[PDB]
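Asks: One structure is given below, represented as structure tokens, and several questions about it will come after.
Residue numbers (the deposited numbering), protein chains in the order written: chain A, 0 to 191; chain A', 0 to 191. A prime marks a further copy of an entry chain.
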């Protein structure tokens with residue numbers, strides 16, 4: 000069931016999630032298409048179907064054989080004030096997912112699975128008010144705040160539902176750390 | 000010429016550029032639609048046209064009367080490795096646009112139009128290798144590097160084309176600073 004409509008639906012999903020220019024030789028590696036002739040045909044298609052759709056989104060080739068899924072000039076100028084302005088880096092966001100899944104987690108455990116790198120991520124996330132640091136037996140316990148819940152779509156702020164939703168995120172996007180979770184769990188089970 | 004197909008094309012452009020949940024009462028303010036009955040009808044429409052399209056992108060309502068333009072689960076798991084992982088904050092990116100448009104610009108001038116805030120933005124951007132700091136007459140001259148050009152789609156690295164493309168960005172997204180540019184230009188003209 001590795002059909003053509005699924006090859007094409009995968010192409011447009013990559014152009015949606017990338018937001019940046021990408022070439023056929025670049026998509027060929029990540030998407031896994033062999034014949035660049037076939038991959039290119041899918042993008043002229045996906046571009047025309049948005050063209051005849053008269054939709055605000057458009058797919059055009061830019062610079063050296065690279066394709067994008069931008070917004071048209073005519074509408075981007077209208078929705079300028081809706082662009083997000085993120086404040087967190089890739090490392091801080093990665094440590095936030097670890098805290099949101101292990102919570103309540105001892106601060107020393109995070110820095111074990113992150114290095115002294117996270118010493119400034121935890122300070123930044125407490126500064127942003129997205130995590131708490133409750134003092135516990137000469138160390139700290141980290142978890143997500145109410146502000147984290149509103150920002151991320153949990154009106155409930157159920158700590159068990161958040162530990163679930165970020166178990167997928169850690170598995171999906173941070174697979175190296177996810178086994179670094181597992182490898183340490185096997186260590187603690189053997190150690191004591 | 001404020002038609003219906005332009006009301007609808009503006010709705011989908013907001014859902015594209017937001018990436019986050021937004022309610023009808025929220026879109027009503029930014030988009031400028033009055034009747035929430037009419038605005039809501041546009042979104043059930045724009046959702047069905049993607050539904051019958053059998054496209055990887057989907058528009059669903061989540062939580063409390065809020066609408067999103069996500070990727071379907073089935074494809075997001077495939078294109079995980081194409082998500083961007085930005086390293087810059089909103090302030091650093093804002094100072095980068097100012098440097099990319101005023102280049103070559105004296106460092107003291109940036110901090111005038113940014114405060115001591117930019118003292119760490121300039122240090123971070125030099126650290127990232129996106130700007131240079133050439134010493135000039137007891138101060139520094141800031142401008143964008145080659146690495147900035149490849150990242151942002153200028154294979155040419157023509158400093159005049161970059162000063163142009165970021166004159167739009169500063170006008171569009173940083174209108175407060177754009178007149179703070181103008182107000183200081185009027186000051187320098189009067190001062191000397």
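Cβ coordinates follow ideal geometry from the N, Cα and C atoms, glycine included.
Short check: CB of residue 97/A' to CB of residue 169/A', under 9 Å?
Replies: Locating residue 97/A' in the second chain gives position 98, where the first residue counts as 1. Locating residue 169/A' in the second chain gives position 170, where the first residue counts as 1. A contact, by the Cβ cut-off of 9 Å.
Asks: Helix, strand or coil, according to DSSP, for residue 130/A in the structure here?
Replies: Stepping through the first chain from its first residue, residue 130/A is reached at position 131. Strand.
Asks: Mind checking if residue 76/A is an interface residue toward chain A', Cβ cutoff 9 Å exclusive?
Replies: Numbered from 1 along the first chain, position 77 holds the residue referred to as residue 76/A. Yes, contact with chain A'.
Asks: For residue 77/A, is the classification buried or exposed, using 16 other Cβ atoms within 10 angstroms of its Cβ as the cut-off for buried?
Replies: Within the first chain, numbered from 1, the residue matching residue 77/A stands at position 78. Under this definition residue 77/A is a buried residue.
Asks: Could you check where the alpha helix (DSSP H) with residue 78/A' kicks off and where it finishes?
Replies: Your numbering for residue 78/A' matches position 79 in the second chain. That residue, residue 78/A', is in no alpha helix (DSSP H); it is neither H nor E in DSSP.
Asks: CA-CA distance, residue 54/A' and residue 116/A?
Replies: Position 55 of the second chain holds residue 54/A'. Position 117 of the first chain holds residue 116/A. If you take the alpha carbons of residue 54/A' and residue 116/A, they lie about 40 Å apart.
Asks: If we ignore side chains and look at the alpha-carbon of each, how far apart do residue 87/A and residue 86/A' end up?
Replies: Stepping through the first chain from its first residue, residue 87/A is reached at position 88. Stepping through the second chain from its first residue, residue 86/A' is reached at position 87. The alpha-carbon atoms of residue 87/A and residue 86/A' are separated by roughly 7 Å.
Asks: Smallest Cα separation from residue 172/A: which of 4/A, 89/A, 34/A, 135/A?
Replies: By 1-based counting over the first chain, the position of residue 172/A is 173. Out of 4/A, 89/A, 34/A, 135/A, 89/A has the C-alpha closest to the C-alpha of residue 172/A.
Asks: Could you say which of 70/A', 128/A', 5/A', 134/A' lies nearest to residue 143/A' if we only look at CA atoms?
Replies: Reading the second chain from its first residue, position 144 is the one you call residue 143/A'. The shortest C-alpha separation from residue 143/A' is found at 128/A'.
Asks: Go ahead and label residue 120/A buried or exposed: buried means 16 or more other beta carbons lie within 10 angstroms of its beta carbon, across all protein chains shown.
Replies: Counting from one through the first chain, the residue named residue 120/A turns up at place 121. Label assigned to residue 120/A: buried.
Asks: Check the C-beta distance from residue 27/A' over to residue 64/A' and give it rounded, since I have them as a contact under 8 Å.
Replies: By one-based count along the second chain, residue 27/A' stands at place 28. By one-based count along the second chain, residue 64/A' stands at place 65. Going by Cβ atoms, the distance from residue 27/A' to residue 64/A' rounds to 12 Å, so no, they are not a contact pair.
Asks: Is residue 179/A' helix, strand or coil by DSSP?
Replies: The residue given as residue 179/A' occupies position 180 in the second chain. Three-state result, residue 179/A': helix.
Asks: Roughly how many angstroms separate the alpha carbons of residue 35/A and residue 148/A', rounded to a whole number?
Replies: Taking the first residue of the first chain as 1, we reach residue 35/A at position 36. Taking the first residue of the second chain as 1, we reach residue 148/A' at position 149. Computed Cα separation, rounded: 27 Å.
Asks: When DSSP labels each residue in this structure, what does residue 94/A' get in the three-state scheme?
Replies: Walking along the second chain from the start, residue 94/A' turns up at place 95. If DSSP states are grouped into helix, strand and coil, residue 94/A' belongs with the helices.
Asks: Looking only at DSSP bridge pairs, what is residue 3/A linked to?
Replies: Here the question's residue 3/A lines up with position 4 in the first chain. DSSP lists no partner for residue 3/A.
Asks: Taking Cβ to Cβ, would you say residue 16/A is nearer than 9 Å to residue 81/A'?
Replies: Translated into the one-based positions of the first chain, residue 16/A becomes position 17. Translated into the one-based positions of the second chain, residue 81/A' becomes position 82. Yes, these two residues count as a Cβ contact at 9 Å.
Asks: Residue 88/A versus chain A': which residues are under 9 Å apart at the beta carbon?
Replies: The residue you call residue 88/A lines up with position 89 of the first chain. Chain A' residues near residue 88/A: 84, 85, 86, 87, 88.
Asks: Check whether the segment 155-167 of chain A and the segment 131-139 of chain A touch, using three or more Cβ-Cβ pairs below 8 Å as the test.
Replies: Judged by Cβ distances under 8 Å, the segment 155-167 of chain A makes no contact with the segment 131-139 of chain A, as fewer than three pairs qualify.
Asks: How many angstroms separate the CA atom of residue 46/A from the CA atom of residue 69/A'?
Replies: By 1-based counting over the first chain, the position of residue 46/A is 47. By 1-based counting over the second chain, the position of residue 69/A' is 70. Their backbone Cα atoms lie some 19 Å apart in a straight line.
Asks: Starting from residue 139/A', trace the beta strand (DSSP E) both ways and give me its first and last residue.
Replies: Along the second chain, read from residue 1 onward, the residue named residue 139/A' stands at position 140. 138-143 is the extent of the beta strand (DSSP E) around residue 139/A'.
Asks: Quick one: using the 10 Å Cβ neighbour count with 16 as the cut-off for buried, is residue 74/A' buried or exposed?
Replies: Residue 74/A' sits at position 75 when you count from the first residue of the second chain. Buried: at least 16 other Cβ atoms inside 10 Å.
Asks: With DSSP collapsed to three states, give me the class of residue 22/A.
Replies: Residue numbering aside, residue 22/A sits at position 23 when the first chain is read from its first letter. Three-state DSSP puts residue 22/A in a strand.
Asks: Do you know how far the Cα of residue 72/A' is from the Cα of residue 108/A?
Replies: Counting from one through the first chain, the residue named residue 108/A turns up at place 109. Counting from one through the second chain, the residue named residue 72/A' turns up at place 73. Going by the C-alpha atoms only, they are around 31 Å apart.
Asks: Going by beta carbon distance, what residues of the same chain come within less than 7 Å of residue 62/A', once the five residues before and after it are set aside?
Replies: The sequence position of residue 62/A' within the second chain is 63, counting from 1. So the qualifying residues of the chain are 20.
Asks: Can you list, in chain order, the residues of its chain with a C-beta nearer than 8 Å to that of residue 13/A? Leave out the 5 residues immediately preceding and following it.
Replies: In the first chain, counting from the first residue as 1, residue 13/A sits at position 14. So the list reads 21, 26, 29, 30, once near-sequence residues are dropped.
Asks: Where does residue 41/A fall in DSSP's three states?
Replies: Here residue 41/A refers to the residue found at position 42 when the first chain is read from its first residue. Three-state DSSP puts residue 41/A in a helix.
Asks: Tell me the residue span of the beta strand (DSSP E) that contains residue 163/A'.
Replies: Counted from its first residue, the second chain places residue 163/A' at position 164. Counting along the chain, residue 163/A' falls outside any beta strand (DSSP E), though it belongs to the alpha helix (DSSP H) covering 158-172.
Asks: Is residue 56/A' close to chain A, meaning its C-beta is less than 9 Å from at least one C-beta of that chain?
Replies: Sequence index remark: in the second chain, residue 56/A' carries index 57 (1-based). Yes, its Cβ sits closer than 9 Å to a Cβ of chain A.
Asks: Pick helix, strand or coil for residue 105/A', following the three-state DSSP scheme.
Replies: If you number the second chain from 1, residue 105/A' lands on position 106. Residue state, collapsed to three classes: strand.
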